[PDB]
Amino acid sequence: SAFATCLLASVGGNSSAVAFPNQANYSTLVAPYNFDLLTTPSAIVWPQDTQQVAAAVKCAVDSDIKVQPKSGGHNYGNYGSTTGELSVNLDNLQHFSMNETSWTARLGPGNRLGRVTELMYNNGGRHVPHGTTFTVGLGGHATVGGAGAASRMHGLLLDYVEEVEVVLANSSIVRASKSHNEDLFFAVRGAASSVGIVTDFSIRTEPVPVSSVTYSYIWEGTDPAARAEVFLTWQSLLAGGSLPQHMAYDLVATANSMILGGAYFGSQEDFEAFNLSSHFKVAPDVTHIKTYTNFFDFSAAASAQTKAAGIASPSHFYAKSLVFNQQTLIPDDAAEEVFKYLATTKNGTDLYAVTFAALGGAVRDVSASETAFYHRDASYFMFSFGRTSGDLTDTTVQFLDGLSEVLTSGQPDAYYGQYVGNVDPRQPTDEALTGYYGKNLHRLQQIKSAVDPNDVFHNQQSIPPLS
């Protein structure tokens, strides 16, 4: 109530821009993305502008309550709605301006990737490297890393972040950039969730590609040996360097299929001239190759595609991540043991997928320690996702847990990272911060401690301050 009364004041009266757990729509406003890890925030507030985020944050500090902003909602732990914390919903901070001269656009955190793409296209045929899912909010994406079709070509979205507006724990409003509050700006570019609320983004852009070529080779068949041949091929090609740099290169494995897919930027001619499927021992069953000029159509198509697969909507699920680089590639034996594992473990899923997103090229162009993002030298990501038509059961966890154990069990005591966009709230808090942040974890405790000594910005796997 002391808290409930100024939180009304932060949003200048508007009773429809603030909401408390006693009401009945509260379950539905909290809008959980993971259907199993339901959370009850202490309140929810929809600030209008930056002073209102500053105000709301003090409201929580005055009543010893911790804070997590929610932009787009896609955190698998639902940390945007951390229970008994203030949930600052940024859906109104959706501003977008473009500079026809620098081509540096200026967006608010509540912009969802779909609207960032439509606007950067319409306002001067621009785009920027980012993820494929159009419902990903920008606030939580530019700040964790943001990889996608154009990443091997151009890098992480956060490489194109030039300046941010940060609201701090003590409610100050600062800017940050490579020239001004360097350290803060280091943490906001990979770990913003733990140091402040980013309420506006200066993001450089690229010009869109003239010809985007999607491609989708398939192999049906539940035979481990054939599947490990596909994988080992893909992994070995990638580790080749025979591949083009400006070519995205995914590989998704379901129960019953292997899906080499990706996008090449350049003419459909030259792609086929790479005869990409030749390099594989067995030929694929199906071959979808499409060439888009309109780049927003390429983007919305691929956003649509992941949604239709069933791995992009709020659901009952659990998922984990892994980073593999040159030193840590998966052995020939290990592969076989893997797909062997997949075929024969009860998994408990109405649908599962395992994605191998390639991740070299322009991503390597930035120092491991220049951003909070640590995995610059990574060769490919591994995201594992287990949907269940029922509630999640401890069956499905062990399936995915074991899937990580086997995937690394070709070198199990080495260093494997995790993407902090694909949080995994089913693992020891100590193990998490290590995979997420790796060696940057300590500099991050240095900064955390200095711009948020209490833990005002806190979640299950937030960065905790020094001792």
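Position 1 is the first residue in the sequence shown; the rest follow in order.
Novice: Going by the average Cα B-factor in the PDB entry, point out whether 222 to 230 or 97 to 105 comes out higher.
Specialist: The entry gives the higher C-alpha B-factor average to 222 to 230.
Novice: Averaging only over Cα atoms, indicate whether 27 to 35 or 412 to 420 has the higher B-factor in the PDB entry.
Specialist: Per the PDB record, 412 to 420.
Novice: Take the CA temperature factors straight from the PDB entry and tell me which of 89, 171, 396, 82 peaks.
Specialist: Most elevated C-alpha B-factor of the set, per the entry: 396.
Novice: Determine which member of 357, 208, 342, 192 has the highest CA B-factor, using the values in the deposited entry.
Specialist: In this record, 342 carries the highest C-alpha B-factor of the candidates.
Novice: Using the B-factors in the PDB entry, rank residue 54's C-alpha atom against the chain and give the third, lowest, middle or highest.
Specialist: Its C-alpha B-factor, which the entry lists for residue 54, ranks in the lowest third among residues of this chain.
Novice: Looking at the temperature factor on the CA atom of residue 187, which third of the chain's modelled residues does it land in?
Specialist: Ranked within chain, residue 187 CA B lands in the lowest tercile.
Novice: Name the third of the chain's ranked CA B-factors that contains residue 165, choosing lowest, middle or highest.
Specialist: Bottom third by C-alpha B-factor.
Novice: Among the modelled residues of its chain, does the C-alpha B-factor of residue 175 lie in the lowest, middle or highest third?
Specialist: Lowest third - that is where residue 175 ends up once the chain's C-alpha B-factors are sorted.
Novice: Pull the Cα B-factor of residue 429 out of the PDB entry and bin it into the chain's lowest, middle or highest third.
Specialist: Middle third, going by the recorded CA B-factors of the chain.
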